[PDB]
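Structure first, commentary second.
Since every read-out is calculated from the coordinates, none of them should be taken as a lab result. Ideal geometry is used to build each Cβ from the backbone, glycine not excepted, and the neighbour counts take in all protein chains shown.
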Amino acid sequence: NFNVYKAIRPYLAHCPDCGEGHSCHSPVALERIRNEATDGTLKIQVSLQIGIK
Amino acid sequence: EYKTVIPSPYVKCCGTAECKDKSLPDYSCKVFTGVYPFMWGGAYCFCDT
Amino acid sequence: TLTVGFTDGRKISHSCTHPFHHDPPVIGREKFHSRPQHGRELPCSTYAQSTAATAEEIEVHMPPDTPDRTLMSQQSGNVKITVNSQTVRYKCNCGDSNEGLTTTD
Amino acid sequence: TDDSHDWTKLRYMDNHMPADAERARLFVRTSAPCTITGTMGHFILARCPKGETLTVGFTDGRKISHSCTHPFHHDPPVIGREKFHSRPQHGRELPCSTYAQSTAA
Amino acid sequence: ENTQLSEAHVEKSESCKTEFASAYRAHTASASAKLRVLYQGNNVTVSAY
Amino acid sequence: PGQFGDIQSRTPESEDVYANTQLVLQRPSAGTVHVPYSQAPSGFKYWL
Amino acid sequence: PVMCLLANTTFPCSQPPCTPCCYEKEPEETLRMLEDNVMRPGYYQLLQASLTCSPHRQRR
Amino acid sequence: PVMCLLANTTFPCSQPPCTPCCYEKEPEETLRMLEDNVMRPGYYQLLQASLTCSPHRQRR
Amino acid sequence: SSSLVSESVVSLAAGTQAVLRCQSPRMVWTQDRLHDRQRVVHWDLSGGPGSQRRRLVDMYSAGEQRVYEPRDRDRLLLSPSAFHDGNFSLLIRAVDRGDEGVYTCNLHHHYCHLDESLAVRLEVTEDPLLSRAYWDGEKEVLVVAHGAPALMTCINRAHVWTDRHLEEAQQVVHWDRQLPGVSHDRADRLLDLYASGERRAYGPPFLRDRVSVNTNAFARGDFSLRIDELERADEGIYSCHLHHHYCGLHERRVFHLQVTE
Amino acid sequence: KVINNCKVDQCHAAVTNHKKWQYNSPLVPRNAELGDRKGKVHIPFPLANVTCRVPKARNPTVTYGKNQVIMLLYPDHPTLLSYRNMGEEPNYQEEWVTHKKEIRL
Ligand SMILES: *[C@@H]1O[C@H](CO)[C@@H](O)[C@H](O)[C@H]1NC(C)=O
Ligand SMILES: *[C@@H]1O[C@H](CO)[C@@H](O)[C@H](O)[C@H]1NC(C)=O
C-alpha cells in the first residue's frame, strides 16, 4: 500500500525564505517547480510529506 | 528541456575541501572559503572561520 | 509569485514564497481563461494522478546535523550536555572529553 | 482604557456606545490582500502588493463585517535598477526606508 | 442659518528627518589622489591631495 | 549556448546530452547556506 | 528472481539478509544498502521490500 | 527644571495638580493642562506622570 | 567606553602583520533576521540524582504552548500571554504521588544567546494541612495535597524576555585608535562595523589601504584587526569595542602595539 | 427633561460629550462655538533607514564585433540596460528590455 517514505535518509529541515523578508526554519521549503504540462496545471515539490504517517 | 542538477553542497567544517572532477555535462565546482553555516540551534558548525 | 502556506502544530499559519513568475503558455488559436462548455479537441499533456512513477531521483542522504546546544546546561563551569533520547556528537574543546558521540547526558 | 495595554481588544463607537471587539479581526486588501504586520492604536504598518483602491475590513460583535474603502492609486517606489519579482535568496544590498517598529515615539 | 468655516494649509512632515534632498552649490574641488610606486621591489602606495 | 537547441541528445531515449548552459556558481552572501549561480538560459520555454 | 550482492552474500534481491521488515527493524542496514547498491532495479525491488514491504502489520 | 502652569499655580512639569493619573479623578483639569502646556514636552513628561504612572489604585 | 576583558602587550617587527584577536560567538549575527526574535520556554521534570530529566511542555515566542504527552493535554497549562509580562508559571490541575521531583522553567533567547532557568521541587502529600510553599535555601518547594492544583511560579519581568523592543539591529564593533600622548575620551575613531553591513572607514588614504577587517566578519565572528606592513608610526593603543546595548554587552579588548622584534 | 409642547422637529437633544471620547480626524469639524482648544499626545511608529536585499541582475552573454559588441540578453523581468562612452562626453543611452534580445553596440 505504497509506504513510500520510510526509507528517506534525512535532511534536518530549514527554509531559506518563508516570505516576510527574512529567513525561517521549516520544511515548507519547496525545492523545485515542474510546469511544462501543456494544460497549464503545476506540479510543485515541497520538502514536507503529506498523508502517510 | 534540461535539468540544472545541483547536488547537495559539501561543507568541510574546519577544513578546505578540494575539487572533485566529475565528468558531468556543464560540470562546475568551487569550494568557498570563510563561510558560516547555521541551523535551528544557531551555528551548524562549531568551527569559526 | 508562488505562495504556499502551511500551518504549525499550534495552529500558526506560515506562508512560503520563492521567486518564480508563472506564465500560462496559452495553447492554440484561442487566448482565454478556463475550459468552457462549448469546447473543441485539444491534445494537451499533464501529470497523471497515478502514484507509481518510475525511478525519479531525489537526492536523500546522511543527516547533516541538528546543532542542539540549548540542552547544554552550564552547571557552574560544567557543561551537562543533555541528550533526551538522541545521539549527540559533542566536540568539547577542553578537558574531560575531546570529542565523542553519546546517548546519555 | 484602564491605563493598561491589553493587546486582545479595542474600541469602536456606535450611537453613543463605545463598543469593543477582538484584536485579531482585521483583514485588508487593495484588490489583492496585504500583510498584517504592525498593529497598535491608530496605526497599521502593512506590506501590500499592487492595486488601485484600498479596503480595510473587520467584523463586529454581532459578526457584522464592515469595510472602509478609498480609491487610491497605490504603487511601490521602485528601488534599484530592477522591476523585479520580490526579494530573492541572492541579491545585493541597497539602502531604503521603512516605518520603524518602535512602541511609543 | 448653519454656516461653516473651512481652513487648511501645508506644513512639513516627519519624513523630513530622513527623506529630503539638498539643493547645493558646488565649485572648485580638492585634487586628491593615490599613487603606488614600485621603488626597487618595494610597492609603496600613498594617498594625498 | 542559450539558443533554442542548446540541449542536444541523439535519440529521445538517448541521454548523452551535449549542452552549454553557463553555470557560474555565485558565492552565497553571508551566513546563508544555499548555492546561487549564474542563471541558466532555458531554450525550451521559448521554443514555444 | 534476481540476486542482489552486498559484496559478501549474493542474496535474492527481494530476499535480503533482513527478511522481513527491512528498514523497520533497523535503518542503518538500509542506509548502507542505499549507499552501495543504488545501481540496481533489483535493489529497487529491495527498496519496495523496505517501502512496500507488506510487513507483519500489513495484511499482505 | 521645567515648570508647568495652570494659570494660577506653577506646579512643575513633573508634579501634576492631581498626582497621579489626573484624568481618572478629574478630566477637565487635564484638558486645561493640555490647552495650557501644549508648548511643553515637559508637559509630555507630565502626561507620562499622568498616564504611564502608578496611581493610588494601580501599581503599574 | 566599555567593560574590558583582556588587556595584553604585543611587540612585533616592522614590515610584518599584526593580528589583534577580537572574536565573539555572542556577537555573531547575519545579514538576515532569520528568527532573530525566536525565544523558547520549556518545563523539564527530573527525579533525583539517579533519574534523567524529561521535557514536558514548550512554547515558542509569539506562539502557543505545545504539550508532548497526549495524556497531559488540558492537564499541564501555561499562561498564553506569558511573553507579555514574563509570567511563565505552570498550572498542574491535579497532582499525584508520581509527580514529585524537580521542575525547571527554561528561557532561551536565540539572538543574545541568553539562557535562564529556575527550579521548583514538587512534593505531593495527602493531608491539606501539611500543604505549604517554602524556600529550601536555593529553590521553591511546593507541598500540595493530592488532587489539588499546583501553580509553579516562574516570573521574570526583565524586558529582554518579554515582547518589548528587541528589534535592535545594532550590534556594533568599533576599532579605535589612541595615538601617543593624547589622553582618552578624545580618542580617534578608526573603524565602524555595523551588524546591518554598513561600514565606516576613517582617516587619510594612507591609512585606509593598510587597515582592514575581513569581509565576512559577522558570518564567522571574526573582528580581529589585521595590520599589514607594520611601520614604527603605526604603534599606539588600539581598541576593539563590542556593543549590544539592549542586552547590555559592552566589551573591549585593548592592544598596545609596539614596533620591535 | 420635560419640555412643554414642542414636536420632534421643534426639539433637538444633543448629548454634549465631556467624558466619553472616541477620537477622530481633523477633517471633521470642531465645536460649533469654540476657537482654539488643544490636546496633544504624540503618535507612534516612526520611520528609520534600512538596507534591503534587492536582487542582483541576470548575467547575459557577450562577444566581439568588428569594433562593435554582440550581446545577447536574457531578462527575467523588464530591466533597464544603458551604455556610455568614457571619453570627452558620455553619449549615454538607456533602454528597457522585457524579453530575450540580441543587441549590438
Ligand atoms: C608590486 O605591485 C605590482 C602592481 O603594481 C604587482 O604586480 C607586483 O606583484 C608587486 N610586487 C611586490 C614585490 O609587491
Ligand atoms: C501568572 O500566571 C498564573 C497562571 O495561572 C496566574 O494565575 C497568575 O495570576 C499570574 N500572575 C500575575 C501577576 O498575573
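Near G:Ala7: Cβ cut-off under 11 Å, other residues only, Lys/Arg at +1 and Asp/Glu at -1. The net charge is 0.
Oblate is the label for chain A. Its Cα gyration tensor axes, ordered a ≥ b ≥ c, give a/c of at least 1.5 and b/c at or above a/b. A simple charge model with +1 on the Cβ of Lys and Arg, -1 on the Cβ of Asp and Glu and nothing else charged puts the dipole of chain J at about 680 debye relative to its Cα centre.
With θ taken as phi - 60° and the Karplus curve 6.51 cos²θ - 1.76 cosθ + 1.60 applied, the whole-hertz 3J(HN,Hα) list for the stretch G:23-28 is 5, 5, 6, 8, x, 6 Hz, x standing for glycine and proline. With 29 Å as the limit on Cα-Cα distance, the pairs of D:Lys83/F:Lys45; C:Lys31/J:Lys100; J:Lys20/J:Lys40; C:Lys11/J:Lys20; H:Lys25/J:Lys38; E:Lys17/J:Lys40 that go past it are C:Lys11/J:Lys20.
Which loop-located trypsin sites (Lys or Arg not before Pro) does the stretch I:41-134 contain, where loop means any DSSP state but H, G, I, E or B and the Cβ has at most 11 other Cβ atoms within 10 Å?
I:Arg73, I:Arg132
Taking I:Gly197, I:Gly137, I:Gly48 in turn, the Gaussian network model of chain I (Cα-Cα springs below 10 Å) assigns the largest fluctuation to I:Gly137. Along the charge dipole of the protein assembly as shown, which of I:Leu76, H:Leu31, I:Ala133 sits closest to the positive end, that is, farthest toward it, with unit charges on the beta carbon of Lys, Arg, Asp and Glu (+1, +1, -1, -1)? The Cα lying farthest towards the positive end belongs to H:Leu31. Ordering A:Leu48, I:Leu191, J:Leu81 by the number of other Cβ atoms within 10 Å of each residue's own Cβ, fewest first, gives A:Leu48, J:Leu81, I:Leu191. Whole-Hz Karplus values for the stretch H:9-15 come out as 10, 9, 5, x, 7, 10, 10 Hz, taken residue by residue from phi with 6.51 cos²θ - 1.76 cosθ + 1.60 and θ = phi - 60°; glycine and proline positions read x. 3J(HN,Hα) along the stretch I:217-224, derived from phi through the Karplus expression 6.51 cos²θ - 1.76 cosθ + 1.60 where θ = phi - 60°, amounts to 4, 6, 5, 9, x, 10, 10, 4 Hz, with x in place of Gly and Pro. Counting only other chain Cβ atoms within 10 Å of each residue's Cβ, the peptide I:202-212 averages 3. In this structure, G:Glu24 and F:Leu25 have a Cβ-Cβ separation that, at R0 = 41 Å, corresponds to a calculated FRET efficiency of about 0.55. Annotation: the residues I:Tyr60, E:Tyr24, H:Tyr43, sorted from fewest to most other C-beta atoms within 10 Å of their own C-beta, follow the order E:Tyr24, I:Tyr60, H:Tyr43.
Can you sort J:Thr63, C:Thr1 so the residue with the fewest Cβ neighbours within 10 Å comes first?
Final ranking by Cβ density, sparse to dense: J:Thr63, C:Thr1.
Bridges between two residues of chain I, per DSSP, are antiparallel at a rate of about 80%. Counting Cβ atoms of other protein chains within 10 Å of each residue's Cβ and taking the mean over peptide F:35-47 gives 5.
Pull out a ≥ b ≥ c, the square roots of the eigenvalues of the alpha-carbon gyration tensor of chain I, then state rounded if a/c is under 1.5, prolate if not and a/b is larger than b/c, and oblate in the remaining case.
Prolate shape, in that a/c is at least 1.5 and a/b is the bigger ratio.
Taking amide H as placed 1.01 Å from N in the peptide plane, F:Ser38 has its amide H under 5 Å from the amide H of F:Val24, F:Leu25, F:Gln26, each at least 5 places away in sequence or on another chain. Rounded to the nearest 20, the Cβ-based charge dipole of the stretch I:17-142 about its Cα centre (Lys and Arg +1, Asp and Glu -1) stands at 500 debye. Tell me the net charge near J:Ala57. Cut-off is 10 Å between Cβ atoms, J:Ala57 excluded, with +1 for each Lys or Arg and -1 for each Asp or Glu. Computed value for this residue: +2. In this structure, the amide hydrogen of A:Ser47, modeled 1.01 Å from its nitrogen in the peptide plane, lies closer than 5 angstrom to those of A:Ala29, A:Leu30, A:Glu31, counting only residues at least 5 positions away or on a different chain. Between rounded, prolate and oblate, where does the protein assembly as shown land on the alpha carbon gyration tensor, with a ≥ b ≥ c its root eigenvalues, rounded for a/c under 1.5, else prolate if a/b exceeds b/c? Rounded, because the longest to shortest axis ratio a/c is under 1.5.
Overall, the protein assembly as shown carries a charge dipole of about 1140 debye about its Cα centre when +1 sits on the Cβ of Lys and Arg and -1 on the Cβ of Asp and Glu, all other atoms neutral.
Counted by Cβ distance under 15 Å from D:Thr53, the other residues give a net charge of 0, where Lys and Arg count +1 and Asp and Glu count -1.
If N is the number of residues in chain E, what value comes out of its Cα radius of gyration divided by 2.2 N^0.38 Å?
Against the compact-globule rule of thumb, the ratio is 2.96.
When only alpha carbons are used to place a centre, the stretch J:2-17 and chain E end up 65 Å from one another.
The residue list G:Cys53, J:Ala14, I:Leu45 was ranked by how far each Cα lies along the charge dipole of the protein assembly as shown toward its positive end, using unit charges on Cβ atoms, and J:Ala14 comes out on top. Mean partner shielding of peptide H:15-25, defined as the number of other chain Cβ atoms within 10 Å of each residue Cβ, is 1.
Bridge orientation summary for the protein assembly as shown: considering DSSP beta bridges with both residues in this region, about 90 percent are antiparallel.
Number of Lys-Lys pairs in chain B with C-alpha atoms under 16 Å apart and a separation of 8 or more places or on different chains: 4.
Annotation: amide H-H contacts under 5 Å for I:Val10 (H modelled 1.01 Å from N, sequence separation of 5 or more, or interchain): I:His256, I:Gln258. Tell me which of C:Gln49, H:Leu6, I:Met27 sits at the most positive position along the dipole axis of the protein assembly as shown, charges placed on C-beta atoms (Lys, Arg +1; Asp, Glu -1). The Cα lying farthest towards the positive end belongs to C:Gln49.
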